[PDB]
Amino acid sequence: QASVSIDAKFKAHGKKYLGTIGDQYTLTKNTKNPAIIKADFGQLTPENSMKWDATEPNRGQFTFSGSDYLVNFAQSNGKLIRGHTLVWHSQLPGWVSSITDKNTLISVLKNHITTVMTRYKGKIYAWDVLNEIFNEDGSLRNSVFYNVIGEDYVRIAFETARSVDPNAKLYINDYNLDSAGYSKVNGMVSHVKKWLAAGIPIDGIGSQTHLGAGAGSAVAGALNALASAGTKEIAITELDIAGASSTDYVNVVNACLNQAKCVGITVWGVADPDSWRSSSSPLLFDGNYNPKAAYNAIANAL
Ligand SMILES: O[C@@H]1[C@@H](O)[C@@H](O[C@@H]2CO[C@@H](O)[C@H](O)[C@H]2O)OC[C@H]1O
Ligand SMILES: O[C@@H]1[C@@H](O)[C@H](O)OC[C@H]1O
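Residue 8 is where the sequence shown starts when you use my numbering, and the numbers rise one by one after that.
Written out as structure tokens, the structure is:
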């Protein structure tokens, strides 16, 4: 655990949290990891326990052991939680993707959203209702949901989510929204304006922010551009930067700090060895679960 909590320092600027991710393995693999989470972060996103493949492996049959643990740990330690993720084309059981009937897919889709959201109703700050539904060029991704249900699945998803748990912030998450003018950023903005104008309850836009070294400085403008979509809020949801330089991290932290709609940042992992991009050392803590230079730099910028 670092002595100075960046989550604390960020919140002091009026932000909601600066968090990270977790699940049974990482929260138990050693003493430092959970100690770091408790000491320096204020929000948690289940790394994999809440995805479709892990919550509904077989039609209408749920398995909540893993998610229950993540949620319970967070709730027990005063950490906000971001559910992730309800609708996505990846980490999706074959039984779902094989469905060809629209009404059948809608029934299933709603049942999944409901059963999962209901189980943690009132304990979830924000849900990534939809995840990565855009092609890089701004058009809608042709996932089973899009091919079978069509564009109406967006409305069906958010509206169901909104009714099941009106206390959660409904989000649409996506990566590569890292620079103003990027096709995906424009596609996200234009679609969201359309949807919001149609009455679809979209409370925020989630920007993963999985960056390469040197892409930090361009994040501020992307955030500004996303702000034009018109959602109540926005947030950096799955942050990690190859090289984890202090410059990239401070830039990204400032990108959020100086944008009124950015409620918080969630770093996709605690220490390097546990990173899904470990080979790039893209996290704030190293192999020894010790603060890297970037962590201290972020702290001193706040
Ligand atoms: O295998 C897991 C990965 O899928 C990853 O989780 C994913 C990373 O990519 C993002 O698009 C998704 O939003 C996120 O949930 O990180 C954990 C790995 O173990
Ligand atoms: O432990 C579970 C809890 O996490 C969930 O919120 O409500 C149902 C319980 O069984």
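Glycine included, each C-beta is placed from N, C-alpha and C at the ideal position.
Check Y24 in the structure and name its three-state DSSP category.
Counted from its first residue, the sequence shown places residue 24 at position 17. Looking at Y24 - three-state DSSP - the assignment turns out to be strand.
Best match in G157, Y182, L203, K130 for proximity to residue 315 [C-alpha to C-alpha]:
For residue 315 there is no data in the structure shown, the boundaries of the chain being 8 and 309.
Listed by chain order, which residues have C-beta atoms less than 6 Å from any heavy atom of ligand 2?
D75, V78, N79, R126, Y127, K130
Put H91 into one of helix, strand or coil per three-state DSSP.
On the sequence shown, position 84 is the one that residue 91 refers to. If DSSP states are grouped into helix, strand and coil, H91 belongs with the strands.
For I113, collect the residues of the same chain with a Cβ closer than 7 Å to its Cβ; drop the 5 residues on either side in sequence, then sort them by chain order.
The residue given as residue 113 occupies position 106 in the sequence shown. So the list reads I156, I163, once near-sequence residues are dropped.
Going by the DSSP bridge assignment, what does residue 310 pair with across the sheet?
Because the chain in this structure spans residues 8 to 309, residue 310 falls outside the shown range and cannot be described.
Restricting to Cα atoms, I'd like to know which of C263, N40, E63 is closest to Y24.
Against the sequence shown, residue 24 aligns to sequence position 17. Nearest of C263, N40, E63 to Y24, Cα basis: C263.
Excluding the 5 residues preceding and the 5 following residue 4 in the sequence, name in chain order all residues of the same chain whose CB lies nearer than 8 Å to its CB.
This structure cannot settle anything about residue 4, because the visible part of the chain is limited to 8 through 309.
Taking the C-alpha atoms as reference points, what is the distance between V199 and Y32?
Within the sequence shown, numbered from 1, the residue matching residue 199 stands at position 192. Within the sequence shown, numbered from 1, the residue matching residue 32 stands at position 25. When rounded, the distance between both Cα atoms is 36 Å.
Roughly how many angstroms lie between the CA atoms of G271 and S288, to the nearest whole one?
Within the sequence shown, residue 271 is the residue found at index 264, counting from 1. Within the sequence shown, residue 288 is the residue found at index 281, counting from 1. Between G271 and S288, the C-alpha separation is close to 22 Å.
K18: beta carbon under 8 Å from a heavy atom of ligand 1?
Residue numbering aside, residue 18 sits at position 11 when the sequence shown is read from its first letter. Incorrect: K18 has no Cβ contact closer than 8 Å to ligand 1.
Closer than 8 Å to a non-hydrogen atom of ligand 1 - does that hold for the CB of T254?
Within the sequence shown, the letter at position 247 stands for residue 254. No; taking the cut-off as 8 Å, the Cβ of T254 has no heavy atom of ligand 1 nearer than that.
For the beta strand (DSSP E) that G145 lies in, which residues bound it at each end?
Residue numbering aside, residue 145 sits at position 138 when the sequence shown is read from its first letter. From DSSP, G145 is part of no beta strand (DSSP E); its letter is neither H nor E.
Does DSSP classify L51 as helix, strand or coil?
In the sequence shown, residue 51 corresponds to position 44, counting from 1. Reduced to three states, the DSSP call for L51 is strand.
Considering only the beta carbon of each residue, do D247 and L218 sit closer than 9 Å?
For this step, residue 247 is matched to residue 240 along the sequence shown. For this step, residue 218 is matched to residue 211 along the sequence shown. Closer than 9 Å, so yes.
At what residues does the beta strand (DSSP E) containing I272 begin and finish?
What you label residue 272 is simply residue 265 of the sequence shown in a count that begins at 1. Looking at the DSSP string, the run of the beta strand (DSSP E) that includes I272 is 269-274.
Contacts around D135, its chain only, beta-carbon distance under 6 Å, and the 5 residues preceding and following it disregarded
For the purposes of this step, residue 135 is taken as residue 128 along the sequence shown, with counting starting at 1. So the qualifying residues of the chain are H91, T92, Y178, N180, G213.
Under the criterion of a Cβ to heavy atom distance below 8 Å, does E54 qualify as lining ligand 1?
By 1-based counting over the sequence shown, the position of residue 54 is 47. At least one heavy atom of ligand 1 is nearer than 8 Å to the Cβ of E54, so yes.
Whose C-alpha, out of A267, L291, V274, is nearest the C-alpha of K22?
What you label residue 22 is simply residue 15 of the sequence shown in a count that begins at 1. The shortest C-alpha separation from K22 is found at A267.
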